[PDB]
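6 protein chains.
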Amino acid sequence: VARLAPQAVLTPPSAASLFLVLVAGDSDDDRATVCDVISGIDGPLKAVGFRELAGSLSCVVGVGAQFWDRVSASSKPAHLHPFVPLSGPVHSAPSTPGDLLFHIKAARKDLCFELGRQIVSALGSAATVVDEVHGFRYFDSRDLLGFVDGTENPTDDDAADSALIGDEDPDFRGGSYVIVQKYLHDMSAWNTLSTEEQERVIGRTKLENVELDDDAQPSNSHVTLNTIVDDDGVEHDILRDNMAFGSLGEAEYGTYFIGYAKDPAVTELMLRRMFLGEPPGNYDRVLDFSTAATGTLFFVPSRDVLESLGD
Amino acid sequence: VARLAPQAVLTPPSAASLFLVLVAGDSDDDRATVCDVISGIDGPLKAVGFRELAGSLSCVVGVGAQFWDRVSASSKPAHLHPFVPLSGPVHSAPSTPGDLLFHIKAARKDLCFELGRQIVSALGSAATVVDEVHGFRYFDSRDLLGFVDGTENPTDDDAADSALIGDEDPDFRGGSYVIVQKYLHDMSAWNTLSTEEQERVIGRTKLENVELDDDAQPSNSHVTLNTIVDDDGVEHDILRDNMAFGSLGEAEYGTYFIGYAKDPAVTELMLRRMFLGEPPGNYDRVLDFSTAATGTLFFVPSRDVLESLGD
Amino acid sequence: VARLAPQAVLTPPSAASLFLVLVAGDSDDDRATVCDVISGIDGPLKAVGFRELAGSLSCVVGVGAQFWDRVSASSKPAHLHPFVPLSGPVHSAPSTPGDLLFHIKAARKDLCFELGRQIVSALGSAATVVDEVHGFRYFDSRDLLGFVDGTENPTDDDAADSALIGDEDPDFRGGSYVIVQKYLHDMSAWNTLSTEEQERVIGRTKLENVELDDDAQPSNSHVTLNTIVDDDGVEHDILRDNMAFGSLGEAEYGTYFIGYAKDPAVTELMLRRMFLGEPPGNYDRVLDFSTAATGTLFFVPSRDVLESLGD
Amino acid sequence: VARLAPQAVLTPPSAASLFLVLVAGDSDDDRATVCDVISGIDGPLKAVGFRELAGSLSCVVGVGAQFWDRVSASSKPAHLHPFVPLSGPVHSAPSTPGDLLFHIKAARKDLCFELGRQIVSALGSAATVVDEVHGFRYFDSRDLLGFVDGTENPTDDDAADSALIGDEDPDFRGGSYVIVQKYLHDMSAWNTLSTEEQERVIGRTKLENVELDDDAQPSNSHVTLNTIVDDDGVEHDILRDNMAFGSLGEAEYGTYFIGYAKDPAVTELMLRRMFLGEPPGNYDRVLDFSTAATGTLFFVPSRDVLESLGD
Amino acid sequence: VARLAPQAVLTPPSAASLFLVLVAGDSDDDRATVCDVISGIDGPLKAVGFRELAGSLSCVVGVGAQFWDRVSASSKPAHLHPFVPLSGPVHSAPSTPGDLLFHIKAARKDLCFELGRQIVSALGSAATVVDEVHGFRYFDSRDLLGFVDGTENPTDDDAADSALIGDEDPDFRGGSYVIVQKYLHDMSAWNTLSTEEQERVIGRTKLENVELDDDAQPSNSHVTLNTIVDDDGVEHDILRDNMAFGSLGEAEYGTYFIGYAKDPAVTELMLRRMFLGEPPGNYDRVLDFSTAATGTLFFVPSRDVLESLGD
Amino acid sequence: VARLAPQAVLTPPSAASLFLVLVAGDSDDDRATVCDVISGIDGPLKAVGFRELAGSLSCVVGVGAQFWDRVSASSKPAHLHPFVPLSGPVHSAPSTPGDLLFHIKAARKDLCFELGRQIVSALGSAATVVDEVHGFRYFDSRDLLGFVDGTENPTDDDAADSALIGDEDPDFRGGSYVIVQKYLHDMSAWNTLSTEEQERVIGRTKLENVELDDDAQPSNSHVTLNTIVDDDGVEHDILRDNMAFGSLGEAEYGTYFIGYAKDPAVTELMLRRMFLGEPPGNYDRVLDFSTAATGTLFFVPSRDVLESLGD
Ligand code: HEM
Ligand code: HEM
Ligand code: HEM
Ligand code: HEM
């Protein structure tokens, strides 16, 4: 695992996270300020992270397609475009604003909050926060629906192969594409279901986190709809880093979805299967209890490309 | 230190906290529901807290004067009354609503959040959250002004002597009185000051957390104004458990003040010295950078008295 | 919590345990050896436990009624007798041999195993192991049935009041009475039940460990049958320290029950309600999935009384 | 170090382990079930291991020569054969049954036990456990003979070079060969020896774990007999992961030997030197205090090869 | 265990310590400065210690007999006098200067060093350091002779009864008497001995830390000479907190002895038995390998008495 | 990160360290002893380090230019020479003796001290310690001047690229060049300065560890003088591992500087800029508060080259 290195996509789950999404100002000065801050993001990452012996603090910067075109008009990753909104038969995935993403993780909340503070300070009037979630780990790697969340993530070389751009787009080798969606749950509706009904919605057993048998696995379970098999029988993964969040006084119980892929075609096909259904109409039952409030796609440059921005 | 015991006021600082303030509904049914939940608060405390081997989870329930009169009309602690608002020459301490306080602490946020979830679920329509703060520890026991915060707290027997009702009100022995105030900081104004100017505002050195020498200690420093000396030369302490909180996108940088005392006369005199000044006008410089958004006083019953509520 | 002190009944749950039950030889020399080892048990406890900085190692010695009569013929705790076997309408609680119990706990298995090794070495031919279980903590304080196990234990002063002999038998003040039963589960039968059926067997929700509502709580749930209410409405607790154990190759999935009480009348009434039923026949559903292989009652002397044995 | 990846041979020592050895049923259906479970072993490994933030859980699957021939008749690693039994002048190394090995390690026993439970459940009637040991770390990396055990293991690239198949058998690159032997000790005989006599048996000092000087090192010490030097003066290592186990009531004090090598010729030569002696008759003194109850050799396929099994 | 409370004698062993011994200047101003610093020692203790969440930092202040007479001429503990030097047949225990002792302990060296820095700064020219040792824990609670050191310490109530002044000197109830001696070892001479010879010098087995059998225990072992039995057969303990220290380049391998007792008669009798021998001449063999460079006795006032000093 | 591998330069910061510098004896026998010990340094490293489960212990051996010429007369790294002393306008960097460096790090002091003990024992009369510092981490990665120290270190591949010899000197690929300097501080002079004056001396803010703005950054700050930019605008880093040390009774407050580089030209240019100034005379203000007592340069051989020494 990388130590205090920007753009460390492959880091393991953490106890705390911060997801910041910002819009950049329209002026040339604002664009220059944003590029200065993000290209030098190793500065604040080390300024905060070096203070913890374990060096758990990580920070991944994503850049939206529209802002990318403002700063790197003549060179662009092959599949960078704004999040494509989905209108399913029942549920929809909106496309909401965002020019910059900071995906910050650490063993402690203070490290995440302080790095966010320093970044927001440095950006000043050049950018505006449009979404902010301070995520926390919930029991034994569970989400607020009470299921272990992240089990089938690829790890190690499989994670690198699934998440990072390779030979297919060599100018951007080592970058990634990340999609975020902030989901809010209907906990009263969810906790109406029996455990076995919930297991059929997800596709795994609840306490024990075991995938349902083939002959028990619904065609519209979350697991089935998010399993991506090509014509050669090869499976394709994304790398997810979801975290819980919420407010008891707003009855807000949330899962913040974040998913990295070497090609957003994989993540986008998962989203189509979830929202539109496979076959069409046979959509993901998780969406009957979970509403996406945001949806934004970013390019994650390699460190070399990030350092170059604004030049 | 107590293990999974309601009303454990003397617990040491923690990495995470939750401060919930609620108003109770006006109906007899709502009053009964509230009394049922709080008198049996050991249930949810153990249901959540037993799941962590260390047993770090604690929960202190406070009850406001007005709600107290609804449920225990014939027996009342000697000094229970609503928070008295202060109108200083420059700054004010408002008195804001609250019938119930839950002061929850643990080594992890999930334990605090889950206990809060279970309590809010159990109360249902009988109470409404009016303030909610998820506090976090910031570096080496610091607040967001960058000073170590809690240093001079009494510990052990001194803490018991300072915080818990004794022989002076024997029907309520082992209870306490707690005041909360949610403060928001003007960080841009604060970080205009030099370190030495900030040290003179607080009354201690910043990195090293050492009290200023007598000949360097201002008469309006926070330390001076919060030092309470009686005519016999005896000092009187309160027990504080402040925590950081905030939102980067709202430029909200907060200190949640919580202070326990065996007699609210001590806490109230501190507040008068801070807001009104000693001499009058010579008010606490911390308030030039910190604004109180809430102010609420609660009685913390002993476990025996808490268990009795609603009977 | 006590540090390296024999007879520390009130210790919190641990990650590892060892339960040893032995029978003493019939000779005077064997009796003397046993008394020498147990009266000086602080020796091995410190010899092993001092090697861990945290000092997590504890050791409680219990003595059976028959062996007690061999060594302290003229002075006996008021309620010491052999475990009374129960023959229920379906399930039975056998009374099985044991003169000595060592209930050993620590943060690590090696400390438990090494203390057991040293004790068995010291006893030599004077005693014979008749039951041995190396217990382990399972996830978030669960037993192998998948429920959090220990939630409603009394803690702190409530634990002392429930577990330790007081004014009622002053010659034995600070002692306790402990019952052990080694249970083996029918996991295939258990995992036939739905989650909700299992919750009705136990009396709490499974993942969330919340007691069922009064109007959902069966009369034959484990929680109902193990709730002991006297005529004055006062509840009576025992202090339990159960641990998981097993062998995959023997399909042995176990819960080792251990329960301390100041008067075995409480534990015995719980057992009658479980095995015989209340009303008679309405027995504890946990026993349809759990079979007791052992049942033995011991007196736990205070340290002062333990040190005196053999004199 | 790998995270939740099957066939992770190079993992560092752990606090807990589980060694399971099974025989597969004779039927085609049983063979298919076994291949299904082992080829998809990443499923249970993640189902259990993802629940611990640290991701300490590992699982290495070994396959015996006879079972290998049932499932991969046309492609076989160069040196796969059943364990060759040794008959020394005094001690013998038996060859005992085993078609499947699961070498499971984690920071906690529950993770090892739960993964074993899930694997045994999935195999059902298709395989039978023939050996099962739950290993534990003993003090500062010691075995039950009281010596630090594992000191001279190769680490990092040396470990990869020693344990993993390379260019010499490219169809099986990244696999390994593992031998297990379950040893039981005669502790009363061992603890007759002086410390210095024990140091001469092992070849290192006891408390300090320092190799004996050349002029003090016996020709039949364990260290000498297990040092493998080729004609070019190059040394050859194996990668060992021994753990303690035992039962106090059976006077069973055990060391579970497990050793990985890229070519079983190295491990086999060590065993010959130990049991037969070098020169013949000059056998390893450790065997005067340690008796091998099992002896079984397995091929450890790379992940790619493991995933392919049963196809 | 106490939290951030001066004069906490009963604290468990720690990973790091600092032993500071100082002489006070002769002037009235120097005496006043010393009394100001020590009576207010809770200030620096909290200033440093509050910065660690665990609150592991402790500080015990001792005051020498001569300095005591300068500051509290009309009230003195019953047994306060300067360390009495011993001249044995072979080895001697010198009496060396010291007016003030700070016995500082924590989980980390930085906390000990920083508290020492702040104390030395505050004392300035009013006192001079005459001995300074930064102690460290060595493996599993061992000293540099390789034996576990501290095993038979009293704990909990036994520690309070052994270390703290009670009804016998009520004006000083809760105080203690502490002796320090800095020992340097002859490691080359020690490591000439066999393990069994070393075990006979100490009185316990080396790796396993078990007291030798009565029929194997020499009359001049350290354990025998430091066992104090009165005419009624009652044993008397002291509370020790030894730590390792040293310098590789000076061939300095040290044990810092520190021992607390409610009456220095116990510690003094141990020292006589060690240095003079029982019978006379039969002195402690540890002293053939260990030379005392310092010897100083201090009174440890209760917190109340300490706070009063200089008034 | 490497596990128990000699010459592991890239290891992250640790809680404890030991820096040993020795001079070798002049005789052929002494040279042979030194080569035997250092070429086999993996022996003691594993003998000590394997005893800690985490395997935190590391040991890097450096060899001085003069000793190198005694043992490897026909093959030498391209830039190995003795430390070049600097005589600045105010401050000087002396060149002081040293043939061998051991840079030892671990999570605990005992591991560092014990490895040092074993190395010094093995060297015996063949080498003499000339400098010895036991370093400790101070708060949140700070030095005794109160600044976070190490922030801008390169990590991961940047660290390898900065510290390790590559294609430019292929016979020594994987080696490094290390310079040590032991600095003592004038704390009374330092703590005269305001925080802002100290920030201008260092080039970063003190509590928050943020680099000063370009328009606030002095030309003679430590950060400016230690920033190395080539004509192509490429920056060049060194890898530093400084630690605090000191003695309160000697008023010795120290920073032990240790810096690794693939070519000592980088470290030497930093030192020239610090001591001589850029422009000449504009020297580093840190040196007005910090005096170098030692200065020594060593070659750090790769493991392969180290193992070969003395052959
Ligand atoms: C409310 C939002 C969501 C919730 C509560 C949720 C929950 C879960 C859970 C409990 C699992 C099973 C354990 C695991 O393997 O991680 C899972 C699996 C998975 N989820 Fe989600 N998820 C959410 C949103 C999404 C979205 C938006 C995507 C895709 C764009 C996604 C992709 C996946 C994938 C790829 C798997 C692994 C399936 C497999 O191969 O077994 N999830 N999710
Ligand atoms: C924005 C809100 C506040 C901030 C940032 C703040 C900060 C601090 C700091 C940095 C210290 C010095 C270290 C310590 O001993 O804890 C301190 C001390 C203290 N504060 Fe506050 N505080 C706040 C509100 C309050 C309030 C509302 C009260 C009283 C009602 C209070 C009572 C005290 C007391 C009693 C002390 C100890 C003084 C002594 O005896 O040395 N604080 N506070
Ligand atoms: C009762 C069974 C055994 C015990 C108690 C035991 C114990 C030990 C101990 C205490 C050491 C020294 C520390 C170390 O470097 O690990 C050691 C070394 C070693 N053992 Fe064993 N061992 C056992 C079985 C085996 C077997 C069956 C093999 C080979 C098939 C083996 C191979 C090795 C090797 C290769 C070393 C390292 C020797 C060196 O290069 O210094 N051991 N063992
Ligand atoms: C008393 C001795 C020293 C002290 C107290 C000290 C302290 C510091 C501090 C507080 C920093 C800023 C945080 C950081 O990035 O590490 C720093 C940076 C640095 N120091 Fe030192 N240092 C000392 C000696 C040296 C020496 C002798 C060298 C070079 C031979 C050196 C090279 C560096 C470098 C390369 C940086 C990073 C500058 C940058 O690129 O931002 N230091 N030092």
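Protein chains in written order, with the authors' numbering: chain A, 5 to 315; chain B, 5 to 315; chain C, 5 to 315; chain D, 5 to 315; chain E, 5 to 315; chain F, 5 to 315. Even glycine gets a Cβ: it sits at the ideal position worked out from N, Cα and C.
Show which residues of chain C have a CB atom less than 7 Å away from the CB atom of residue i.
i, result
"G154 of chain E", "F54"
Can you name the start and end residues of the beta strand (DSSP E) that residue i belongs to?
i, result
"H95 of chain E", "Note, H95 of chain E: premise wrong, no beta strand (DSSP E); not H, not E."
"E256 of chain F", "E256 to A265"
"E136 of chain E", "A131 to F140"
"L104 of chain D", "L104 to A110"
"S312 of chain D", "Taken as a continuous stretch (DSSP letters only), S312 of chain D belongs to no beta strand (DSSP E), being part of the alpha helix (DSSP H) at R307 to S312."
"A296 of chain C", "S294 to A296"
Which two residues bound the contiguous alpha helix (DSSP H) that contains residue i?
i, result
"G47 of chain C", "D46 to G53"
Strictly below 7 Å CB to CB, what residues from chain D border residue i?
i, result
"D144 of chain A", "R55"
Under 9 Å between beta-carbons, which chain A residues line up against residue i? List them in chain order, please.
i, result
"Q122 of chain D", "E212 and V214"
List the residues of chain A whose Cβ lies closer than 8 Å to the Cβ of residue i, in chain order.
i, result
"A6 of chain D", "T159 and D160"
State the DSSP-derived secondary structure class of residue i, mapped to helix, strand or coil.
i, result
"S166 of chain E", "helix"
"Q202 of chain C", "helix"
"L216 of chain D", "coil"
"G120 of chain F", "helix"
"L275 of chain B", "helix"
"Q11 of chain D", "coil"
"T37 of chain E", "helix"
"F249 of chain D", "strand"
"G66 of chain E", "strand"
"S21 of chain C", "strand"
Closer than 9 Å by beta-carbon distance: list the chain D residues that pair up with residue i, in chain order.
i, result
"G250 of chain E", "Simply none; closest approach about 16 Å."
### Query
Taking a cut of 9 Å between CB atoms, which residues from the stretch 191–202 of chain A lie near chain C?
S198, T199 and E200
### Task
Pull out every residue of the stretch 17–39 of chain E whose Cβ sits closer than 9 Å to any Cβ of chain C, in chain order.
Correct list: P17, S18 and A19.
### Message
Please list, in chain order, the residues of the stretch 263–276 of chain E that have any C-beta partner in chain C closer than 7 Å.
### Response
none
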